[PDB]
């Protein structure tokens, strides 16, 4: 219901705090709630892995895990699930939010949902778009 102005940006994203237990969600956009069918109250303080399910590729999930441990960006495509159990393909991009000194403070994660796995030009376009979305979220947060 009550979203911060950052969470009203009309793209799917969450932001997590790696210094809280289990690197949990501290912001989630209204669009993300509509896509996934979760309420904000039931996902604040929770790690985003609940979006996965039985068909999610574990090698892809380990790639995300390895990037988070490296404190870097990553981009992958994986199967996710709404609260009611409906599958969707998620072209997903993670990137750290750093302070001026370069230290990681938070992670931004952006989701581009589709019914099908994307490849070739469609994949390139989608990767460009989610990267721009993450950059725009970072800029919106930091703006003076």
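Residue numbers count along the first chain shown, from 1.
Relative to its counterpart among 111-119 and 82-90, 111-119 has the higher mean temperature factor, C-alpha atoms as listed in the PDB entry. Averaged over CA atoms, B-factors in the entry run higher in 132-140 than in the other of 12-20 and 132-140.
Per the deposited record, 57 carries the highest C-alpha B-factor of all listed residues (57, 66, 99, 42). Placement of the Cα temperature factor of residue 5 within the chain: middle third of the modelled residues, per the deposited record. Ranked by C-alpha B-factor against the other modelled residues of its chain, residue 34 falls in the highest third.
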